[PDB]
Each structure stands twice: as structure tokens, then as C-alpha cells.
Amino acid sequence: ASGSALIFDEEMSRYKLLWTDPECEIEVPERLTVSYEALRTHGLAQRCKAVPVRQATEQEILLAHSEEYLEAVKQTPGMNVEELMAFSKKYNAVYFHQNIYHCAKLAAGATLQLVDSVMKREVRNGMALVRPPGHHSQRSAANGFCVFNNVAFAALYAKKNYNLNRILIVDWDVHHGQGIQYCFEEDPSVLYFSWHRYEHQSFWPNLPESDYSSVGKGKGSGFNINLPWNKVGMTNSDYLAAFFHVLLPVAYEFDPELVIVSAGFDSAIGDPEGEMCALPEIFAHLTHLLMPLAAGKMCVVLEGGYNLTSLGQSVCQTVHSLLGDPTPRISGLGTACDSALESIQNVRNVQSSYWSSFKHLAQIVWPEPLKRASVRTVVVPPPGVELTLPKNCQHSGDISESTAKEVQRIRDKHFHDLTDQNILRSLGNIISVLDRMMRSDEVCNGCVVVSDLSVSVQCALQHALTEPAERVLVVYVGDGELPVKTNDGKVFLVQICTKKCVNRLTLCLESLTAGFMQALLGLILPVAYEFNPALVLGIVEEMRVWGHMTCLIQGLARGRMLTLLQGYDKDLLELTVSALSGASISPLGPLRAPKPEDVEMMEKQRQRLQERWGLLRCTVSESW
């Protein structure tokens, strides 16, 4: 399954507010248009399978709503403006239009088209550009610009027609989404995460059940996860701390069969409702950070987002991320704010009785986003080995004259009496691939099989730093000290081994899968995102699903990851190439809680690196 469905129709623009109502003045049709035009201005909609919009059937509408409310809305076509005003007065923060019933059927049917397109493997992912939104809609009431609940429709549709038992809903709209919560607060098969501007219940919808204390009800306890922002101005560090330390852990432990995103973009910088300071680029990484889930099956559904500029920019970033484009580098990442650390700590503590990973011992302008390769991956197997590579993979091996001259200079300088032609050819391949991915912009990621690790890592690291590469993240797997000076600050080392530096991170992890996953989500990825490396250098030597890591690390360094594999293993070579080429990662399965010793090691590593890498902090710092 390959492709990125984009469901949209201009008809959902043929409804608007027909009177003066400041509560709803932000929700304009222009939104939809300025989104699609944006995707058309950057060639994204053109790279998308344009699945058509349909009307949701009455039975499908009754999946999440009562017959009384459906019949009430069914008469909104056929009301004059006075009757429309009187009807809209019956509900909270919503207006009605003669075409809004039709457009709500269209939004629900478009969400259902997205779910059908993804689940039927016609596409891998997809985004729905709908209007009106849905997450505030409830069983018998329109609410917060929502008539029908599109995402609840999607989840129930996947549960019914595709017999799914685990579906993850992620609501990164700046408002709560009481509708989705109410719809699945007791259902354990639908895990609802939602972060929202709360301000200690002073912000709309002003509900006590939008607090971190709402964890579900009965069987669904632990499957409702609210993250309340009790202050505005939440930056990218806050959102990524939320992902790394709340959403992603329970998500990968949950192993959802389908991910559905309430992609409201009022959580972006410049929006007049959220008043947050998250750059649109973040919605790339968020999207990317969820893509390894559900074998990539992600159904992004538009919700809020009312600053037209940031709306278009965040839609563009989301679609770029859906199509597998190189995620944009985020700079200036650090610790989340104290209020964010408080929210994260409270939700982790309250959810710890349900997700044992969270238990703890006793104690307005912004820069425009950059434009987001011809050959995504190049593969250098052992000389004389052929493989069946994906459509975006080249065999490379075009060693030039200047490349061989540089290799001869390196050999005469540092590695005298080394006359093996095979390792020299591999070093030339490394240099060529590095030049092609760190300058030519013709390659994103790459992978080379090498035998001599000691000289190969030296060559690769020093040539990367010789090219324009400010910082480098070396993810090494195995034991033994590698020739890596981890003191100049321009290099971070993450060593997964079996058996005292602030720039290094050693991890000596059956449940090794779960422990490694929890570490990657809560330790490796935060330090990596803060470090902001210009290149990722993967090293393996000598039973490990590292494609998840190989995919999640691709968020860093604009996707530039060079893998070095000691020894030829066709299985692992194929795994690396598939993870680099942007393919769907086979799901890791439902992860149990890691062993206590591994949890102690991870907590010790976090405490050892919190003072430098504040993005590891998932708890308020205590004054000395």
C-alpha cells in the first residue's frame, strides 16, 4: 500500500455565518480554501490520491448521534435566517447555515472516505480537508463549530466495518474535544489523547472533565488522556515533551491498529484562540512521530486552525510529512516550561496506575517554513551482491577521481600500511554517499555494509564534519569504544550495549524490546531533538527491530541518516533500507512494561542528562 489520500471538496466552503456573532467570527469558509490552495501552491495536493467526497448515510450518522439530534439538524436546510439564529442559540459556540447540514454530511463522508482509503490499503495514509469540524460535537448537541463528530465517526467506522480492536485518536487541536472523550470515555478499544488550552478550566469549553484527572470510566479507564495547558505560549519544546513523555510511550505500548488525528491547527503560532507559539513545522514531526504506528495508517482530519497563514503552513507541513518528505529541522529546543512540566507530571502520575511506564519512586510574525530528494536512499552492499531494492533506491558506487584522491590522502595521513582494496572501496563509497546526501541534495539517507568498523566510522564521522555538518548524532549498537571524540560538543553518542560524559548516553538494556522502545521515546528522541544534529550516523556490528528507531530518528537532520553495517545480513540490510526509504514499519506489537532494572537504568540516565538536555525533563525541577 502506497499513496497519500487527500479528500476535499469546495462545497464545504458553501456555508458561513449569516449574522453577527463574535464567538464564531473566526470560523470562516476561507480556511478550507486557503488550506487547499496552500497544498496546490507547493505541489502537495498534486502528489496526493484525490479520493472523492461523499455524504455520510443516516445509519453512519447515528453511529455517534441520536435520532432526535439528527432529525433536529435535518431541518436546518429549510430555515430562514431568524429560524437559523434561534436554532443556533440552542447550542454552545455554533452557528447554522442552510447548507451546513449538507456540508456536515460531506465532512463525515470525507472522513469515512479517508478511513476506507487507508484501511482498504488503497493508500498508506491520508488527510481530510473538511468543514465543519467534529471533535466538539456530541451525541445530541452541536458544539464549538461542530455539527457532527467526524473523528468519532471514523473510529466507530473502523471498529465496525474493519473489526479493529485498538484505534488511537490524537487531538492536537488547541481546544479539548469533549465529544470524542464522551464518545469513547468507557470504550477501551479507542485510546483518546488530547492536549488543550485549559488555563485551570477558565478557557472554553470550561469543563472539569478536560483536566488530567479524567482518565476514562470503568473498562475505558486509562484510555482517556487529557493534557491541559494552564498557560498560553506553549512552544515546540512543550509539544515535543508532551509527545515524548506522554503520548508516544502509551501509544507504542498500546500498538494501535489505526491512527486518527484531529488535526486542528489553532495550536499553532499566530492563532487567535490557542495563543501558543508552536511553529507550523512541528506538525510535520508530530505527524512523523506517529507514522511508525499502525503500519503508517494515519487518517488526519482537519479541525480548528483560524490564523489563515499558520493554517496553510501547518497543513503544508502535515501533508509534506504524510508524503514522506524530509522533516524540517527544529532549532532552539529545550526544556518545557514549568507549567507544561506540571501538566505532564500530573497526567503521567494519574495515568501511571494504568500505564505502568509512568510509575515513579517516592521522593505576530514568524519566519516562513523552509521548502521541504530524487533518490531517497542509496545502498552499497558488499561488492558483488545484488538485491531487490525499492523504487527509490540506487546502488551508488560511482566513485569519482577526486573521491579516490581524498581516500588516498586519508590513508597516507592516518591509516598507513592499510592496502586492502575492499575496505578502501567501502571508504570511497562512504565519502561519495556523504557528499551526495550532505551537499548534492540528491540523496536523503543511505546505508553501507562495511567490515572494518574502526577505520570506517573514523572516515565517515570526520568527513561529515569536514563537509558542512555542525553536529552529528552517532547511534551505535553494540559494545566496544568507538573512535569518537565525545568532548568537542559537536558530536553526541548513543551506545546501545550489553555491559561519565554529558555528551554520551550508554544503555545496557524478551522485554528488551519494550525497554529499548521506552528509552527511544523518552531518552533517545528528546536528546536527539534538542541536539539538532546535521547528520545521523547509524552503526551496527556483529533480534532487534530497529526500523522503528531508524524511522523516528529520521525526524532529525532533515532525514539525513547514514547507516554503517558491520558484516552482511540480508535481513537486517533489507530492514535498514526499508526504514530509510520511507516504507511502512511492521508494528512492534503490544509492548508490556519493561523490567525494573531497565527502568532504573533509564531513570538514572534521565537524571544524569536532565540538567543539560532539559527536554528529558518530564517533571518539575526542584530548587536546590
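Just so we're on the same page, rigid core means the largest C-alpha set that superposes within 1.5 Å between forms. Just count from 1 along the sequence shown to find any residue number.
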Core-superposed in 5 other deposited structures of this protein, which stretch deviates more in Cα positions, 435 to 443 or 250 to 258? 435 to 443
Could you check whether 490 to 498 or 417 to 425 drifts more from the shown form in 5 other deposited structures of this protein, using RMS Cα distance once the core is superposed? 417 to 425
At least a third of the other entries leave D398 unmodelled: yes
Among the other entries of this protein that were compared (only those with both neighbours built), does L591 lack coordinates in at least a third? yes
Can you tell me how many deposited residues have no coordinates between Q363 and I364? The categories are none, 1 to 3, 4 to 9, and 10 or more. 10 or more
Missing residues between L509 and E510 in the deposited sequence, please: none, 1 to 3, 4 to 9, or 10 or more. 1 to 3
Using only C-alpha atoms and the B-factors in the entry, which stretch averages higher, 410 to 418 or 139 to 147? 410 to 418
Ranked by mean Cα B-factor in the entry, 454 to 462 and 266 to 274, top stretch is 454 to 462
Most elevated Cα B-factor in the entry, residues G304, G109, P483, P326: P483
Entry record, C-alpha B-factors for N80, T377, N226, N161; the maximum is at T377
Among all modelled residues of this chain, ranked by Cα B factor, put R612 in the bottom, middle or top third, i.e. lowest, middle or highest. highest
Split into thirds by Cα B-factor across the chain's modelled residues, where does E37 land: lowest, middle or highest? middle
According to the PDB entry, is the CA B factor of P596 in the bottom, middle or top third of its chain, that is, lowest, middle or highest? highest
Taking only the Cα B-factors deposited for this chain, tell me whether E27 sits in the lowest, middle or highest third. lowest
By the record's CA B-factor, is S586 among the lowest, middle or highest third of residues in the chain? highest
